[PDB]
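Listed next as structure tokens is one chain, alone, in the form deposited in one PDB entry.
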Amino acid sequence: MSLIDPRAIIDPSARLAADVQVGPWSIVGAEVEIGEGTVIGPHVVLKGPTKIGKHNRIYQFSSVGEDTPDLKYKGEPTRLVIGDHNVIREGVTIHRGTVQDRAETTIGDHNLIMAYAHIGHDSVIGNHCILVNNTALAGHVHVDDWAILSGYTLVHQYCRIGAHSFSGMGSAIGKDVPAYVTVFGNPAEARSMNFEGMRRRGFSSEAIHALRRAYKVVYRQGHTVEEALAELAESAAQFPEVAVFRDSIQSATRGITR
């Protein structure tokens, strides 16, 4: 009983580790590297230059490491890097980067990418993200740790989904989602904060509330961004959690001279 199946295809150009298993009718293309204990299901298409890590699980009908259909991509040998302990569910589409950004699509550790979800070119996902069904990242989308993207959440190109943030099902995100913020609908509008996630991450009640006031300052208090950021400065100095929230709003805003 062999790890790699007789009906599967493995390129001698590819590099598979020890307990790497490849299900039947699965293509392991050239320049693909699969780390220790990773399991590849049946009818799975893997294309390189790709670097899949240790103990990931890639389900049937997923197309991982494919050239973007983007008219931007001219054929360049761009990469994709996948961490350890990721779950890439059925029919998930992961495309490699474009020379235009930094030639790389990057997925971290312990992420759960559910059915038909799209991780488009030059996107960067951290650790412990949950990407529910058909969640689509257009390209160059940066998804920080613990972000939850509810079913069919769509993200416009270049956006930044903050740490601990949450997007409601069928969300259309066109601007950066600050850390801990819960956005909902098409077009995504901020509703509140991921207090449940804060609890899960063992956040002190003092820090949870600091984050509740931190939201009210940015949104509810009628302040502008440039003002909210300035107000936040005190609470942000007192709470490393409020400081994550402020830095996410500071990195989203640049602006022009008047």
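Note that the rigid core is defined as the largest set of C-alphas that superpose within 1.5 Å between two forms. Numbering starts at 1 and runs along the sequence shown.
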Comparing mean C-alpha B factor in the record for 73-81 and 160-168, the higher one is 73-81
Of the three thirds of the chain ranked by Cα temperature factor, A190 occupies the lowest
Sorting the chain's modelled residues by C-alpha B-factor and splitting them into thirds places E196 in the lowest
The third of the chain into which the C-alpha temperature factor of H223 falls is the highest
Could you tell me which third, lowest, middle or highest, the C-alpha B-factor of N133 occupies within its chain? lowest
Which third of the chain holds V99 when residues are ordered by C-alpha B factor: lowest, middle or highest? highest
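Keep in mind that the form deposited in another entry is not shown, yet the notes after this line are about it.
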If you fit the two forms on their rigid core, which residue out of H223, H43, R57, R191 shows a CA shift of at least 2 Å between this form and the one not shown? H223
Once the core is superposed between this form and the one not shown, does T253 show a C-alpha displacement of at least 2 Å? yes
Using a rigid core alignment, state whether the CA of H110 is displaced by 2 Å or more between this form and the one not shown. no
Once you line up the core, how about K175: does its CA shift reach 2 Å between this form and the one not shown? no
